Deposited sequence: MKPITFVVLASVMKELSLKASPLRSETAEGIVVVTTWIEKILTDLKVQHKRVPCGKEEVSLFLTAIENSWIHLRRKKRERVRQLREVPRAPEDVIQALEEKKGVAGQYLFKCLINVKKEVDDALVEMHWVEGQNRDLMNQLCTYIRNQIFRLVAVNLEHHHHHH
């Protein structure tokens, strides 16, 4: 029952350019996006590994840590799929293990937010 968000085929094009401005047309669109999610996660010192996936997607398995303390610690687990849907990229995130399922939305909203900061490279 996964959270999703599209990356538009133009946002991909801009992510490719950022991945190599001085060259062109190197790698698939979903692959480029995935390696930008991989950049975003390592920067958070989130652990992740690419896992076997389907023919028309790339998958990250990731392990983040959460802390639940009192009155303003634990490990949670997610599968990110980056699948080519229509012309654009569909990003699915599946909650696998952990306490607060709503931390996925926090991580997903963050990642997708991080993507669009990168694309404002204008």
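Deposited positions without coordinates, collected into consecutive stretches in sequence order: Residues lacking C-alpha coordinates: 1, 74 to 106, 157 to 164.
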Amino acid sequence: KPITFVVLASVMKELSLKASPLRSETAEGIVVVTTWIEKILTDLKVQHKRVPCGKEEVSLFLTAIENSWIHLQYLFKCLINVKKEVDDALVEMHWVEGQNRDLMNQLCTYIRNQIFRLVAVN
From here on, numbers count along this sequence of modelled residues.
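For the stretches 40 to 48 and 84 to 92, which has the higher mean C-alpha B-factor as given in the deposited record? Between 40 to 48 and 84 to 92, it is 84 to 92.
Position of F61 among the chain's modelled residues by C-alpha B-factor, lowest, middle or highest third: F61: CA B-factor falls in the lowest third of its chain.
Grab the CA temperature factor for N67 from the record and place it in the lowest, middle or highest third of its chain. It belongs to the highest third of the chain when residues are ordered by C-alpha B-factor.
Rank-wise, by C-alpha B-factor, drop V32 into the lowest, middle or highest third of its chain. Lowest third, going by the recorded CA B-factors of the chain.
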